[PDB]
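See below for the structure under consideration.
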Amino acid sequence: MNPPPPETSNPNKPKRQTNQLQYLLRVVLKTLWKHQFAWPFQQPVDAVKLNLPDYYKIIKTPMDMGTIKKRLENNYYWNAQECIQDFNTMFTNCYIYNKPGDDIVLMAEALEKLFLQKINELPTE
Ligand SMILES: CCc1c(C(=O)Nc2cc(S(=O)(=O)N(CC)CC)ccc2O)[nH]c(C)c1C(=O)CO
């Protein structure tokens, strides 16, 4: 079955607003979210519904853009790099579970390319 989704709130962690964090939500995440190939990445992989029973045997650090969006909205991240790492994990997981030429892999490649173009103009710390 599925694990619970990743935590999107931490009550023992302080919160701050930064130029970088605002950009990550309003520019980076927003732009990826609206991409034609965003849909497989907008929520946790539902392995039960999709009948992918080995998915969470193979992927022990799942991540998705729905989670990332909620983390940003909830001020879950203190440092911008925490958010960037989550995107990286999300992409890397595809390359672990799937094979070259799989639809999902081509979709990940397009999103990652876009992600890098957007992170390029990330405001300074
Ligand atoms: C191909 C499986 C997969 C998805 C995915 O989500 N595929 C998906 C979702 C649904 S759906 O019913 O849940 N659905 C309604 C359309 C989405 C809102 C239906 C069919 C699907 O192929 N994502 C990732 C990262 C993977 C990986 O294999 C990654 O290693």
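Note that these values count all heavy atoms, side chains included, but never hydrogens, waters or copies made by symmetry. Just follow the structure's listing: the first ligand is 1, and inside any ligand the first atom is 1. One is the number of the first residue; the rest follow in order along the sequence.
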* **side-chain contact (heavy atoms from CB on, under 4.5 Å) partner of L29, the single match among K69, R71, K118** => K69
* Looking just at side-chain N and O atoms, do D54 and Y97 make a donor-acceptor pair shorter than 3.5 Å? -> yes
* With a cut-off of 4.0 Å, which atoms of ligand 1 are near a heavy atom of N98? -> 27 (C), 28 (O), 29 (C), 30 (O)
* **Per-atom contacts of ligand 1 with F41, taking only distances under 4.0 Å to non-hydrogen atoms** => 25 (C)
* To do: From atom 17 (C) of ligand 1, work out which of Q43, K49, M63 has a heavy atom at the shortest distance.
  => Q43
* Pick whichever of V45, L50, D46 has a heavy atom sitting closest to atom 20 (C) of ligand 1. => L50
* Asked: How close does the nearest protein non-hydrogen atom get to atom 2 (C) of ligand 1, and which residue and atom is it?
  -> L52 CD1, 4.0 Å
* Around atom 3 (C) of ligand 1, find the nearest protein heavy atom and jot down its residue, atom name and distance. => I104 CD1, 4.0 Å
* Asked: Between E7 and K13, is there a side-chain N and carboxylate O pair less than 4.0 Å apart?
  -> no
* Do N93 side-chain atoms and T61 backbone N/O form a donor-acceptor pair below 3.5 Å? -> yes
* Asked: Does the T67 side chain pair with the main chain of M63, one donor and one acceptor, at a distance under 3.5 Å?
  -> no
* Within a distance of under 4.0 Å, is there any protein heavy atom near atom 15 (C) of ligand 1? -> no
* Is there a protein heavy atom less than 4.0 Å away from atom 6 (O) of ligand 1? -> yes
* Are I104 and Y55 co-members of a hydrophobic cluster defined by side-chain heavy atoms under 4.5 Å apart? -> no
* Between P40 and ligand 1, does any nitrogen or oxygen pair lie at a separation below 3.5 Å? -> yes
* Asked: What class does the angle between the rings of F91 and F87 fall in, given that below 30° is parallel, 30 to 60° is tilted and above 60° is perpendicular?
  -> parallel
